[PDB]
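Chemist: so I've got this experimental structure, pasted below with the sequence.
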Amino acid sequence: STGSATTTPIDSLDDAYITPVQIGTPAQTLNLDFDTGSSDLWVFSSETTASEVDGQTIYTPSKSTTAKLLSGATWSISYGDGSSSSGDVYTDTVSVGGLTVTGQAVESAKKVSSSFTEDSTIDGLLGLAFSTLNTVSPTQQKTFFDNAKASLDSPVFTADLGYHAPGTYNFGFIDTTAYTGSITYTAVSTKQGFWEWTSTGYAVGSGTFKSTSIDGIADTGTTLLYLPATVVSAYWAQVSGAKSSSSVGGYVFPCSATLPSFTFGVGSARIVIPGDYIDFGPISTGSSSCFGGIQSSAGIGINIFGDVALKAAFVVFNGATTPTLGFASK
């Protein structure tokens, strides 16, 4: 089997991407944030505290003839941005782009933190990291990809995120029309539950490439590119007037700037992030100070190849017995 679904930016900045997902019988379509940095499929629901729902579409398990309470199971998750959610668990039929999993754990939120409530466009998350990170207790549950893998034509999914435009998540096949050149594959460590890999270095603009190992995670659920402070300083030093602002919470730059590109290495190959991808717009409405899309990972404890980096590539998440990652230009 295969599946193919379009993923759409939630706003003009590409702050996140939403992908329609069918849950239950008859189908209830929710727009979920596909997140290769976590492993829970959770949704706003008829159980979510009413004051914490503000415009989201909810899953109502009582209206699904295939929903079954997973008795005794609870979940609770906290994300790197400080947001969180928790609740109980149903199993139900879940389909993405024509690919169907029966018996998928659908984690129903009883509580969500303010940032989820305040974002009316995201109805929940669909985790695509390794199932060892799934938070369901006392019986850990499998991700949608883990459940589907054996049925797929090939044990892979791909992320093709757009810059200010829709893109595609494919399951079970590699669309050879969706990228240029060849795909360069690179090793993955699953020891922390992430799609963790080692970039071979970087360049700023037209500058020379610096060969240096940068361990980090391919994380579709993180907006920005978070790298060591040395790398990030070298980038922003090429932008007149850019500075790190403790009050704003990262590097800012004059909105009048033209940003340089940023290149990262995948083995001997190179992925180029155009400068425009690194502009996240005014820090507050009408400000001439703009927020940078490359920020320091110092204090986060891991480097994060978020959407800013991934959207510059066609990315293969290879779930073969020994997982690997593939990157191609596009």
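Modeler: Sure, I can see it. Numbering: from 1, shown residues only.

Chemist: any idea how far the residue positioned nearest the centre of the chain is from residue 306?
Modeler: In the chain, the C-alpha closest to the average C-alpha coordinate belongs to residue 220, at a distance of 1.8 Å (Cα atoms, centre = their mean). Here residue 220 is placed at a distance of 8 Å from residue 306 (Cβ to Cβ, to the nearest Å). In this view, the C-beta of every residue, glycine as well, is placed from N, C-alpha and C.

Chemist: and if you look at residue 323?
Modeler: From residue 323 to residue 306 the distance is 19 Å (Cβ to Cβ).

Chemist: neighbour count for those two, which is higher?
Modeler: residue 306 (24 against 18; other Cβ atoms under 10 Å).

Chemist: neighbours of residue 26, how many?
Modeler: Neighbourhood size, residue 26 [other Cβ under 10 Å]: 9.

Chemist: ditto for residue 138
Modeler: What residue 138 shows, counting by other Cβ under 10 Å, is a neighbour count of 7.

Chemist: quick one: it and residue 73 touch, right?
Modeler: Yes: the pair formed by residue 138 and residue 73 meets the contact definition of Cβ atoms under 8 Å, at 7.3 Å.

Chemist: which residues touch residue 185?
Modeler: By Cβ atoms under 8 Å, 6 or more residues apart in numbering, the residues touching residue 185 are 267, 316, 318, 324-326.

Chemist: now do the helices in the protein.
Modeler: In the chain, the helices defined using DSSP state H lie at 114-117, 144-148, 229-236, 307-310.

Chemist: can you give the distance from stretch 121-140 to the centre of its chain?
Modeler: Its chain's average C-alpha position is 13 Å from that of stretch 121-140, according to Cα atoms, centre = their mean, to the nearest Å.

Chemist: next: stretch 86-93.
Modeler: Stretch 86-93 sits 21 Å away from the centroid of its parent chain (Cα atoms, centre = their mean).

Chemist: I'd like the numbering to begin with 21 instead of 1 from here.
Modeler: Understood, numbering begins at 21; the last thing we discussed is stretch 106-113.
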